[PDB]
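Trainee: Going down the list, the protein sequences come from chains C and A. All letters in the first sequence, in the order written, are residues 133 to 176, 201 to 453, 462 to 537, 553 to 686, 727 to 1035 by PDB author numbering. So that you can map any letter, position 167 of the second sequence is 185 in PDB author numbering, and since no number is skipped, the others follow by simple counting. Note that CB positions come from ideal geometry on N, CA and C, so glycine has one too.
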Amino acid sequence: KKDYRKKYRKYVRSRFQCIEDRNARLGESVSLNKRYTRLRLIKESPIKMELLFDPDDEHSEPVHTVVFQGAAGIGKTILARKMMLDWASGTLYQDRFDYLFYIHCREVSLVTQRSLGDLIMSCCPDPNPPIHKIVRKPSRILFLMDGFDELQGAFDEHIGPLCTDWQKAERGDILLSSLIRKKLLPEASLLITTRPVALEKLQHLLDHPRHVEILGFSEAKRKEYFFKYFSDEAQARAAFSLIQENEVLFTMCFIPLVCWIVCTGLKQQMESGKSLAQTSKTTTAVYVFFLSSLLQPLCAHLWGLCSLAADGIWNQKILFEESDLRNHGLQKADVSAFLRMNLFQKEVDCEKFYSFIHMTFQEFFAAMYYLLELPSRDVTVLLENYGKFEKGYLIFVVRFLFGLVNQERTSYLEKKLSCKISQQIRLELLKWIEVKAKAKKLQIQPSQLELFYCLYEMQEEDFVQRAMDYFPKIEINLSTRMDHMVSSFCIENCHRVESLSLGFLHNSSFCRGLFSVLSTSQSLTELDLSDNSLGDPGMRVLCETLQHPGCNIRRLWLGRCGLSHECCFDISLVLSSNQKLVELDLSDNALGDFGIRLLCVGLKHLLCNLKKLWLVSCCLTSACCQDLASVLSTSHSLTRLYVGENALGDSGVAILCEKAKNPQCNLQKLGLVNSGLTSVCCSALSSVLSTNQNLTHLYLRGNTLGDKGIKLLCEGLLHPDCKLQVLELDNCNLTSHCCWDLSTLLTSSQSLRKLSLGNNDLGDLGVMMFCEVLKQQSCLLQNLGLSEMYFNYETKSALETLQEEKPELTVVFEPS
Amino acid sequence: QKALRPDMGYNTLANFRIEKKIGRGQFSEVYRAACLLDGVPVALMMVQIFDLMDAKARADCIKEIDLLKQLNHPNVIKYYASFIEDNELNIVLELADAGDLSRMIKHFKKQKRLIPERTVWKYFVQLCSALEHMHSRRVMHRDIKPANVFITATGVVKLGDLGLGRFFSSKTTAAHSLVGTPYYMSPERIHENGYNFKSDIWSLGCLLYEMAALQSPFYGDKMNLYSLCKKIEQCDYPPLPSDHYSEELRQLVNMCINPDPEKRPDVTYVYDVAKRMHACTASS
Ligand SMILES: Nc1ncnc2c1ncn2[C@@H]1O[C@H](COP(=O)(O)OP(=O)(O)OP(=O)(O)O)[C@@H](O)[C@H]1O
Ligand SMILES: CC(C)(O)c1coc(S(=O)(=O)NC(=O)Nc2c3c(cc4c2CCC4)C=CC3)c1
């Protein structure tokens, strides 16, 4: 008359009483689960650990699978552990699930065969649980599989024999896939935590996942960690003051693992009566510092450890036995030394294996191996397998290698490294970068930003400045402060970048640094900041940096950036002093009549060399044409103006035309596209065409001129002083009635090079008419549009005939 | 103008006011109109099937509209009503005249600038969502290309079906040498072997390529149907620039444009990829 749910909950509460998940916790101390600091969780408002599987907003679609992602050191596993405890304590999902099964990815084979006994191995001590009873019932259970990227051995997604029926034993990879795809024990819930890199081999298995990103600590939380870590506030204050002084390390401490390493190092320094100095700048520096502080107080075992680490990476081994330790010459005294020192763990949770305190450390040691004085010791093979899941991606192994391979070497064990090798590696890394820099990747392993992280770690100007010569175009997607810092460093030392594309993501007026760096670039030509949340506050900061004498920016793209009319003030201030900017795109913003009126001041201002200005879809009305027309008259430098997709009706155009008409205006192109114009505006346009010989491209597509408008426009175009080369007439509500006048134009004008006729009812006869007349020594060189038009056989045949008979018409374009 | 009749809902043109024509198909015309009952701007699709089908043949067109009316998604053009009066078929659709993908592409061409990958995924992922919705209900689009991809002022993608009345032109394929745009058609559609769901994937891949390249993968100068078909059958088209687009984007295109009809990915796969890519370049 006893249940099992209670027995298990007690077991779970018992096993997860400590974060360290073991004994020998730095003098057998208590980890204290209250030590847990809340991590920021953002749904692909903050998201709670609770309600993760709840139905969505409409049709109440339930969630079976929730996938968490984040960088190593963020706390993916600690979050899962906290979750297991809160549930066992009856506070989290205590109503939703009867059992939770927590399984470590590093503890499960992908090569051996077994039944789904994982639910038994992870259960209370009872070797024979009611696995066939309520525990068997799907939807009443949730599985927690953390460290997908930590899975050891090759793993495939293309598995035919997926295998359902938990009672059946099968290979671990198949078993895992079947669970992930919800084929085994379907309708059960599953929570996965993984490094973003492993998404490449996970997304294929999810069907309909919910995604949450796990972020690191905020400034406030970083402070809490120090004060919760150091129970003596006097020590916490010293530690906190020290991290505040070392701003770079403070930034890196957003990752809990990093702040832990720092705090652990400081704790030792405090215990030893040291000054508590901490001068680390890079991730490598931190790891070297830690190892030095722990081990230097030796190389005989360090070499052996490095060999072990390297072997474990290549042989996909995380959990080592006494026989493996002996194989690397590690036994008894040193093994013990690294248990009293917090370098290795003994996996005391029903296991007899030894492992690294963190996977990053294993990679650190493996990286170290290559530089000392035997799976290979080659760098080429190491780099070749960089993109391979099967080798663990080797991301930290390489990143650390970059930091370790430096001329600015230190002592303390580091003297053991061979400079001959370091020099060989350095050269190979440069060649590697040149190759990886040529082909953009977003979610692979190289990723542009990732290369910058590697360059950042290798704090050597000669190396980095040379490496940066392979990035003529830089495209980045910054998220956190650490990304801004790294980007600023790499860009500052770049002398060969022409195009910068910043895909700013989320978590404004803090960016600074990067813009301060961009303004000092000597090669940067184009700055593309479109399609991101560069709201006015960000634009103001950018504008301040854009006034720097050395900006050298020729093109600035600011499309759908969410700018308001207010930003035009700051832009005007840039135009008034920045004599380098040539092309400015402010399209897709809310820069209404007031905003443009301000911009007109900057445009009229002397020394404004802007030649090309795009103002498409800027919420303008005809009212603003009064000021813009003055710009055309006043500013000799502006030649290209695009104001389509605004409320500039016939009256707006007439205003612009009155000034554009003046033959001393330099306007060359008019983007009067979706302006809502009628045949009435053609009078004004005609006057301009017959007067201003500087106009070469006129875009009227999107208007509704009809045949009357064409006739009026033609009268202007047929004038001997009309120099228009390209005319764009897409759906202008035209009919076949206008074909006579267009026909006349085609055999009358001399300056016309292209007549683009788009989706309008020109008619079959209209086209056939054109074919006959265009043959009569036409001056046209380009096509005649005719897209999105339907023609009959004879018409199509006649058009094709024209294409063959008159090859000087390089393009004609049939719609077929 | 006929008097308003609220009691007949949207089952009569008496309750709508046409302001202008907005497009034209070969089996239908498309008008811009406002609803006189509630002031809502709508798209009116006028289909003339009476000169093509009798009362019996016309029945073949019922299933298509009855099925389309069951769709309900923020990235799909909504169907409100359908009726027959004055010997004409009238379908009331959600209006999306703010702009479209075709206009966006033309804009980028004029600027001589390529669409940032972060801006490609921004719209592409939305289109994929719309298609997932349709396919999960076993609804095929059969005409995916910029012409039917509408974009709101807020940058929201809505997939329409205006096309050229392809739902009606199902038994008159002889005319499709002139009616249709065989740049988005798979080899199977060209061979008239039937249009499967994987053929929407082909056309989706084509669209993605076109956005990235600002041109169709099977475009050419004075290219006739014969040569066009050969290029399509051989899956022969220029690659996208390695320093402008990610490898993953190119792989997605390569998987979608697969001359082997059984080797294309489904919509769910493509959508999940688009989401994961977008999620890394998704501006806030
Ligand atoms: N949210 C947190 N609150 C308090 N301490 C934390 C937190 N996250 C991580 N830690 C600190 O970082 C150290 C390592 O944490 P952890 O093992 O979870 O890194 P991890 O990357 O999540 O491991 P894994 O890769 O297997 O998920 C812990 O010993 C602890 O001191
Ligand atoms: C593109 C990007 C930001 O570099 C990235 C995103 O995700 C990864 S990760 O999967 O390789 N994890 C990590 O790099 N963790 C990690 C980081 C730093 C320092 C340390 C760690 C682990 C402990 C020391 C510096 C930021 C990343 C990398």
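In angstroms, rounded to a whole number, what distance separates the CA positions of A:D104 and C:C951?
Mentor: When rounded, the distance between both Cα atoms is 30 Å.
Trainee: Taking 8 Å as the CB-CB cut-off, is A:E251 touching chain C?
Mentor: It does not: the Cβ of A:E251 has no partner Cβ on chain C nearer than 8 Å.
Trainee: Which residue's Cα is closest to the Cα of A:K189: A:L70, A:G57, A:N108?
Mentor: The option with the nearest alpha carbon to A:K189 is A:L70.
Trainee: Sorted by chain position, which residues of the same chain lie with C-beta nearer than 6 Å to C:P882's C-beta, five sequence neighbours on each side aside?
Mentor: The answer, listed in chain order, is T910, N911.
Trainee: Quick check on DSSP: helix, strand or coil for residue 183 of chain C?
Mentor: Absent here is residue 183 of chain C, because the residues of chain C run from 176 on to 201 with nothing modelled in between.
Trainee: Which chain C residues are close to A:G173, counting only those with a beta carbon under 8 Å from its beta carbon?
Mentor: Those within 8 Å of A:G173 in chain C are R779.
Trainee: From the DSSP secondary-structure annotation, give me the bridge partner or partners of A:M63.
Mentor: DSSP output for A:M63 lists A:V48, A:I109 as bridge partner(s).
Trainee: Compute the Euclidean distance between the alpha carbons of C:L832 and C:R645, then round it to the nearest angstrom.
Mentor: In a straight line, the C-alpha of C:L832 is about 36 Å away from that of C:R645.
Trainee: What residues in its chain sit with their C-beta under 6 Å from that of A:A32, if we drop five residues either side in the sequence?
Mentor: Hits under 6 Å: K20, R23.
Trainee: Tell me where the beta strand (DSSP E) around C:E636 begins and ends.
Mentor: Note, C:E636: premise wrong, no beta strand (DSSP E); alpha helix (DSSP H) at 628 to 636.
Trainee: Less than 7 Å between the CB of C:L413 and some heavy atom of ligand 1, yes or no?
Mentor: Because some heavy atom of ligand 1 lies under 7 Å away, the Cβ of C:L413 counts as near it: yes.
Trainee: Who are the Cβ neighbours of C:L875 in its own chain at under 6 Å, not counting the five residues just before and after it?
Mentor: If we look at C:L875 and ignore the five residues flanking it on each side, its Cβ neighbours are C844, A848.
Trainee: Which of the residues in the stretch 261 to 274 of chain A, read from start to end, lie with their CB under 9 Å from any CB of chain C?
Mentor: So the close ones are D261, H262, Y263, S264, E265, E266, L267.
Trainee: Counting along the chain, where does the beta strand (DSSP E) carrying A:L177 start and finish?
Mentor: Run containing A:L177: 175 to 177, per the beta strand (DSSP E) assignment.
Trainee: If A:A230 sits next to A:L267, beta carbons under 8 Å apart, how far is it from one beta carbon to the other, in whole angstroms?
Mentor: That pair is a contact at about 7 Å.
Trainee: Here's the rule: buried if 16 or more other CB atoms are within 10 angstroms of the residue's CB, otherwise exposed. What is C:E569?
Mentor: Exposed: under 16 other Cβ atoms inside 10 Å.
Trainee: Using a cut-off of 8 Å between C-beta atoms, extract the partners of C:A228 located in chain A.
Mentor: Going along chain A, no residue has its Cβ under 8 Å from C:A228, so there is no contact; the nearest lies around 17 Å.
Trainee: Could you tell me whether the stretch 504 to 518 of chain C touches the stretch 589 to 599 of chain C, where touching means 3 or more Cβ pairs closer than 8 Å?
Mentor: Contact fails: fewer than three Cβ-Cβ distances are below 8 Å.
Trainee: In chain order, what residues of the same chain have a beta carbon less than 6 Å from the beta carbon of C:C901, not counting five sequence neighbours either side?
Mentor: The residues are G928, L931, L932.
Trainee: Should C:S906 and C:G925 be called a contact, given that it needs their Cβ atoms to be closer than 8 Å?
Mentor: No, the pair does not count as a contact, with Cβ atoms beyond the cut-off.
Trainee: Kindly indicate which three-state DSSP category A:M158 falls into: helix, strand or coil?
Mentor: Coil, per DSSP.
Trainee: Is C:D812 close to chain A? Criterion is C-beta to C-beta, closer than 8 Å.
Mentor: By this cut-off, C:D812 is not an interface position.
Trainee: Please list the partners that C:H956 has in chain A, where partner means a Cβ-to-Cβ separation under 8 Å.
Mentor: Ordered by position in chain A, no residue passes the 8 Å Cβ test against C:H956, which lies about 16 Å from the chain.
Trainee: Give a yes or no on contact between the stretch 298 to 307 of chain C and the stretch 345 to 353 of chain C, applying the rule of three or more CB pairs nearer than 8 Å.
Mentor: Touching, yes, given that three or more Cβ pairs across the two stretches are closer than 8 Å.
Trainee: Is the closest heavy atom of ligand 2 to the C-beta of A:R136 under 7 Å?
Mentor: Not under cutoff, so the answer is no.
Trainee: Would you check whether ligand 1 has a heavy atom nearer than 7 Å to the C-beta of C:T439?
Mentor: No - ligand 1 has no heavy atom lying nearer than 7 Å to the Cβ of C:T439.
Trainee: Looking at C:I276: is its Cβ nearer than 8 Å to the Cβ of C:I287?
Mentor: Yes.
Trainee: Please return the same chain residues whose Cβ sits closer than 8 Å to the Cβ of C:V850, not counting the five positions on each side in sequence.
Mentor: Closer than 8 Å at Cβ, skipping near neighbours: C819, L822, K823, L857.
Trainee: Inspect the beta-carbon positions of A:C298 and C:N656 and report whether they are closer than 8 Å.
Mentor: Yes, these two residues count as a Cβ contact at 8 Å.
Trainee: Take residue 132 of chain C as the anchor and find which of A:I67, A:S221, A:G178, A:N242 has the nearest alpha-carbon.
Mentor: The requested residue 132 of chain C is not part of the displayed model; chain C covers only 133 to 1035.
Trainee: Look up C:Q250 in the DSSP assignment and say whether it is helix, strand or coil.
Mentor: It is coil, neither helix nor strand.
Trainee: Could you name the residues of the same chain whose beta carbon sits closer than 8 Å to that of C:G982, not counting the 5 residues immediately before and after it, in chain order?
Mentor: Excluding residues within five positions, the ones whose Cβ falls inside 8 Å are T954, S955, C958.
Trainee: Who pairs with C:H465 in a beta bridge, going by DSSP?
Mentor: Note: C:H465 sits in no beta bridge, so no partner.
Trainee: At 3 residues or longer, what runs of the beta strand (DSSP E) sit wholly inside the stretch 781 to 858 of chain C?
Mentor: Entirely contained in the stretch 781 to 858 of chain C, the beta strand (DSSP E) runs reaching 3 residues are, in chain order, 802 to 804, 831 to 833.
Trainee: The beta strand (DSSP E) spanning C:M647 covers which residue range?
Mentor: Careful: C:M647 lies outside any beta strand (DSSP E) and carries neither H nor E.
Trainee: Going by Cα to Cα distance, which pick from C:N491, C:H465, C:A464, C:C463 is closest to C:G476?
Mentor: The shortest C-alpha separation from C:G476 is found at C:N491.
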